[PDB]
Amino acid sequence: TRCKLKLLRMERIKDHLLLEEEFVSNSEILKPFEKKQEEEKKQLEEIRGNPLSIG
Amino acid sequence: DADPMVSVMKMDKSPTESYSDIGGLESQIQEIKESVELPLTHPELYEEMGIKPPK
Amino acid sequence: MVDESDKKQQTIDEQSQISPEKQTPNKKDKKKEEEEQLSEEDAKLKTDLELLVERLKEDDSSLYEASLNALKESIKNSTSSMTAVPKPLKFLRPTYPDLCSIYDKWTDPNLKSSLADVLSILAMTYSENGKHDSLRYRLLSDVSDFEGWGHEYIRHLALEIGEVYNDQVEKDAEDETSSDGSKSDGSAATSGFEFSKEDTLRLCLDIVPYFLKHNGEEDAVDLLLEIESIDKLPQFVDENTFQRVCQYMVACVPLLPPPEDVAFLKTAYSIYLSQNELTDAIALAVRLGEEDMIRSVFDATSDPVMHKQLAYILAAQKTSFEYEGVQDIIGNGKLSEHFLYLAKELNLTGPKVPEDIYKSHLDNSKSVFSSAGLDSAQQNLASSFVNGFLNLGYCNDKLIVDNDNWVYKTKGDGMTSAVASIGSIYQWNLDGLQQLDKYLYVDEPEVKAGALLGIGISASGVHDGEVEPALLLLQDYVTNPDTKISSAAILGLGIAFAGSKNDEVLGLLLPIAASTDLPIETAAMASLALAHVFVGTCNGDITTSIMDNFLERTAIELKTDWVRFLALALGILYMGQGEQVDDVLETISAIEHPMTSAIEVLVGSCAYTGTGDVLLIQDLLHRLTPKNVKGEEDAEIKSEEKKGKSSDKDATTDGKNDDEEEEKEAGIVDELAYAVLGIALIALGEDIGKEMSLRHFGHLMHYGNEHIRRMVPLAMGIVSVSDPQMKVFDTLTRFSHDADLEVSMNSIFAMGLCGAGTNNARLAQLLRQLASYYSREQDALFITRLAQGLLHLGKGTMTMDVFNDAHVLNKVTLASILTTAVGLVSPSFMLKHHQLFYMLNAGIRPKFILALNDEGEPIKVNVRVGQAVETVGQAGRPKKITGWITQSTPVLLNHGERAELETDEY
Amino acid sequence: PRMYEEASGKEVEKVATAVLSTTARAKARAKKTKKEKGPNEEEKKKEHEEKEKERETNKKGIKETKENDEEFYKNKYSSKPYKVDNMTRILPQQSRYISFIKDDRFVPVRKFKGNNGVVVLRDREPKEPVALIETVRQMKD
Amino acid sequence: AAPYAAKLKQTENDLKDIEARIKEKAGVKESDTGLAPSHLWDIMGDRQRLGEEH
Amino acid sequence: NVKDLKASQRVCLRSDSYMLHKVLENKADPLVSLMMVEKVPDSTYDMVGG
């Protein structure tokens, strides 16, 4: 039981903390502009349009 | 960008064939295994000796 | 199943699957009728048991549950456990499975909560008698194999865990907490836990570390000592006993904060002492960082023996194994005192003997030079350093050196590093002094300084027992009033002794590293040296070094570089303790300036080490805040700022490195990917932060001793051609060195590409040239590890000079420091009484399969290879012994350590 | 009045929430760490006091409060006075009575005869708070 | 199944978080370069598109 | 969606941006068309008999 427990203890704190760190960093990226990260996504779609023609 | 032309080259596999389904001629196994299998396990022997691994 | 009454015994079993006629009806009516019939119930107790036994061979829920339902009620509903004390006490043995039937066989939230409390209580009361132990045993050793008992025995144990854990956190504790309504530890419940523990140690493993941990006291561990020491050979065998101890200890570093972790490991030393291998004892003793635990094993083999026998040779060997020589000083002194012979004992303990075998190993490996010989410009300076870097370890290249031409063509600070690079040819070798002596008495002060660095490097292979020590030569130079000379002198002295403390080393560094009043930037080396002596062992947290940091800041705030080095030295000093490092955190934080805070985060990594997941959230809030503050704005101050930003970045990383070695090997893997993702992240956020994060990455990797060494550096290496600070390359190669030309083939390719391909500045070029040659050694002459060998989860002391140099920008001035990058790992060979210079055979296996280790002890299968091998780095660190089949038996266990072998032929 | 305009709170909020998530996920480690933490605090002080550590934490029993009188058409109201004041908000939007002040020695006209519509009022003493509203018709006439 | 059952639930819980980190990254917003020159290059292509060089 | 689509389903597309509209009823399968153009029958064991 405890063999499972030491892995549970390392894996939870390191990974969940990292997850939290991403969430804050999308927002912070937004600030020098006013929305950089969530706009790069809207731009990619826009630039490419639909359809995309294969060559 | 995957082709079915490459998949012809490739295998999908788990042979029934394993060493020691070879009924004798043990030395010959340990000349083939010295040639094919062994430089993937250790490249260390062949650089330590300074030989180029047999092709 | 069919109801066929009391005809025969087989049809009694079928009867009681639906409704007994000799357990529920009878006993109930009987109890509730007269009170002389409790005596007839006591006879019927024997009956209840036989019937239970027969149907603990079933596994269907329905027919043991429903059957036995009203007995579970009678306790509280009619008797109310008050008609008498012993008579209800001793009849709880049939009612306890009846209880289990709603806990475990069925699961229903309303009843499982309510009867949970009732099971705990009666487990406790009924264990004074010790009839509760026997019910527990009948299921642990079973009657039949069906699924049921495998969960039923599990619940009974889980009761005990529930209550004990809840008494430590809550301030309420005792039996008035409502977790299980049951007493703290009692006084006749205490004895119940000891009796359970034996049976469960015999048959199981699960609850054995666990019980300890819930209490959180070393006392629980000492109780454990007693039982395990009986057991060591008749219940299961010795080998097995060892794999158990360490599983508990390494595993529970995440569950143990400092004042507790040291005290638990005391006990684990004692288990090993009780047992026969005093070699397993020593491994743990190094681990403690205590001088005392080491002295006791040495006294144990030396003192009771009035002969040479095996016993004196075996002592010398054990103490030899640290490559710091923290053990070399302690084991010496008793050899001098007993006196059956000086000559063999003193050489064998010291690094004097490791020199003889090094020559033997060099003979296999040969010497292949592949250095360039570019002359003139900074390109001159690059090529003169590279020769030393290519011949780390004992190598020989005397004649090239003897020609002073290429020496006199070096210039500047460059000239200094050139004389110093010569010393690394003669690394772990006495001779060399002649080359060095020449420069020391002639020309400019520059060649004079570089000789002393080179003496440092050379002298590390022979210094213990004060026989022609580096101390003898280097003192004259320290006294001398010139700064460049003395700084050089005391650096070489730090190297030479390495992690060995003594009266002489300490006492040289005691009236210096305490004058920083008049401005210089080379008295970094002052404290740096004192910090180096301390590592790998117990500390005093010395006042000399803390004082001089303060004074330095008061005197000058121009020389941000001086104070940046000074800061890092404190943190290296404290390395090797963590509990005391808390006391002094406050002292540093006393005087407050935003400037002072830059140091604080650095010293934080050591203080918090071992309660280092409190250390992670801090060093991360510390990072986000810069970006956030900037945010608001978006929508002399110079010196503080620059220092401020770089320190946080070093500290965060520093924190990870020390933590990951000691704690889990598993997280080491995660930490390799995360670091690169961390560099990109900082690159966006803080402009200033980016230069520092590039360079730190190389020492993150080397300190932790990663398993994956091909994929990640190479992907990053390309990216860091574009990025600023070409010093990034040097740091990447320090990790890559490993077994050379496994990892280091791609390293050469990768670094040599970037350097030939674009020359955008010859400054940018110099770093790139050093790195490609640094990384290799011809056909794995010697690997480098920050790890000790003797423990893979301990920490070096020789490598702490490598660590220093990644926080600052590259300079010719930096170059002098990087020549040192000392620490060697001997290959193991079998020794006899005439110190044989070959081995018989060894097994190597990339990583052990086993899970019942977490420290390492190989599987026996392995992969066999012949005689005279270098012990491969990570991706082959486990090295096992083969000799058993030729009727030969090792005395000195190897697991993947540095330790040399000694053998008995029969 | 009520205004829904803000936009500097975002930065202080972003770390503030970062802390709330971080501590929850950290919690698993922190139980074990707290066990040693306690015995010093019990010995010395809670933070810098001996007070309000005699409970579960610093409270036991209902920790919250709420009072409602809005999002109802009648529920509570009781008796509320109002008088006419200068340089004070007064709304005949809220209420249906509105009473005249007796700071003045003059009195308003006759109080309610009841009912609804355009209704003639009648009373036998003018001495009760009522009030007067002025008329645009008198100005024309 | 208590000793192994409780902790197995926790292991699954840990798998959930590893997925969320993934779904956040590729939509708000996957890298192709370092992160920063893939944002600007999108604003650079707007300049080329207005032109009839293609 | 794409959680309804597997490879080798004819689809209707709406010309305008070529937006996917629906799955069409008939599927094409190449191994079916190979024995239809060879035009081998399949027949019972009694027919072989003698």
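Residues numbered from 1 in each chain as written, not as in the entry; some residues may be left out. Chains lettered and ligands numbered in written order. Part of a larger assembly, values for the part shown. Heavy atoms only, no water.

- Looking at the method and resolution fields of the entry, one finds cryo-EM and 4.1 Å.

- The PDB entry annotates chain C as 26S proteasome regulatory subunit RPN1 of Saccharomyces cerevisiae.
- Its official PDB title, as written in the record, is "26S proteasome, s1 state".
- In its Function section, the UniProt record describing chain C reads: "Acts as a regulatory subunit of the 26S proteasome which is involved in the ATP-dependent degradation of ubiquitinated proteins."
- We quote the UniProt Sequence similarities comment for chain C here in full: "Belongs to the proteasome subunit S2 family." (UniProt positions renumbered as here; feature names shortened; annotations may be inferred.)

- Labelled according to the PDB entry, chain A appears under the name 26S proteasome regulatory subunit 4 homolog, originating from Saccharomyces cerevisiae.

Here's the deal with the sheet that holds strand β4 (residues 879-882) of chain C
Residue and element names in this part refer to chain C.
Line of reasoning, step 1. Spatially, β3-β2-β4 is the arrangement adopted by the 3 strands of the open sheet, whose pairing is antiparallel. The two strands at the open ends of the sheet, each matched to only one other strand, are β3 (863-865) and β4. Here the strands of the sheet are splayed against their neighbours by 35° on average, with no regard to which way each runs. (Pairing = 2+ DSSP bridges. Helix = DSSP H or I, 4+ residues; strand = E, 2+ residues; numbered from the N terminus. Axes fitted to C-alpha atoms, helices over the stretch in contact; angles between N-to-C directions.)

Focus: the packing of helix α24 (residues 378-390) of chain C against helix α27 (residues 413-423) of chain C
A packed helix pair is summarised by two numbers, namely the angle formed by the two axes and the spacing between the axes.
Residues and elements named next belong to chain C.
Line of reasoning, step 1. At a closest axis distance of 8 Å, the pairing of α24 and α27 adopts a crossing angle of 20°. Considering the angle they form, α24 stands roughly parallel to α27. Along this stretch, α24 crosses α27, giving a crossing that reads as left-handed. Judged by residue contacts, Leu381, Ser384, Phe385 and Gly388 of α24 engage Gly414, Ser417, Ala418 and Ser421 from α27. (Parallel < 35°, antiparallel > 145°, perpendicular 65-115°, else oblique. Left-handed = near helix turned anticlockwise from the far one by under 90°. Contact = heavy atoms within 4.5 Å.)

Regarding the nonpolar core
Line of reasoning, step 1. In terms of nonpolar packing, the biggest core is built from 93 residues, with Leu452(C), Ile572(C) and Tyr574(C) touching the most fellow members.
Line of reasoning, step 2. Ignoring anything within four residues of it in the chain, the contact list for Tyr574(C) reads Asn539(C), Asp541(C), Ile546(C), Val581(C), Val584(C), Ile588(C), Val603(C) and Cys606(C). (Core = buried A, V, L, I, M, F, W, Y, C linked by side-chain atoms within 4.5 Å. Buried < 20%, exposed > 50% of the residue type's maximum accessible area, 1.4 Å probe, protein only.)

Considering the packing of aromatic side chains
One pair of aromatic rings is described through two measures. These are the centre distance and the angle between the planes.
Residues and elements named next belong to chain C.
Line of reasoning, step 1. Considering all chains together, one arrives at 8 aromatic pairs over all chains under this definition.
Line of reasoning, step 2. Taking 6.1 Å as the distance between ring centres and 35° as the angle between the ring planes, the aromatic pair formed by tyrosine 358 and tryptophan 428 counts as tilted. Remark: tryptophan 428 occurs in the loop between α27 and α28 (433-440) and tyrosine 358 occurs in helix α23 (residues 352-365); sequence separation between them is 70 residues. Neither residue differs from the other here; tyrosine 358 and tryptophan 428 are each classed as buried. (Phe/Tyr/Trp six-rings, centres within 6.5 Å; stacked < 30°, edge-to-face > 60°.)

Quick look at the interface of chain E and chain A
Line of reasoning, step 1. Each side of the interface is counted separately: chain E has 23 residues, and chain A has 24 residues.
Line of reasoning, step 2. For the pair chain E and chain A, the two sides together bury roughly 2,500 Å², of which 56% comes from carbon and sulfur.
Line of reasoning, step 3. For the chain E face of the interface with chain A, the top three residues by lost area are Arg21(E), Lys29(E) and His39(E), together amounting to 25%.
Line of reasoning, step 4. Applying the counting rule to chain E against chain A returns 2 salt bridges.
Line of reasoning, step 5. The interface formed by chain E and chain A contains 9 residue pairs in polar contact.
Line of reasoning, step 6. Elements with a contribution of two residues or more to the side of chain E that touches chain A: α1 (2-25) and α2 (36-50) of chain E.
Line of reasoning, step 7. Ranked by residue count, the leading element in the side of chain E that touches chain A is α1(E), at 12 residues.
Line of reasoning, step 8. Of the residues contributing to the side of chain E that touches chain A, the split by class is 8 nonpolar, 5 polar and 10 charged. (Buried area = accessible area lost by both parts, 1.4 Å probe. Salt bridge = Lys/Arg side-chain N within 4 Å of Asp/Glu carboxyl O. Polar contact = N/O pair within 3.5 Å; in protein donor to acceptor, adjacent residues only side chain to side chain. Nonpolar A, V, L, I, M, F, W, Y, C, P; charged D, E, K, R; others polar.)

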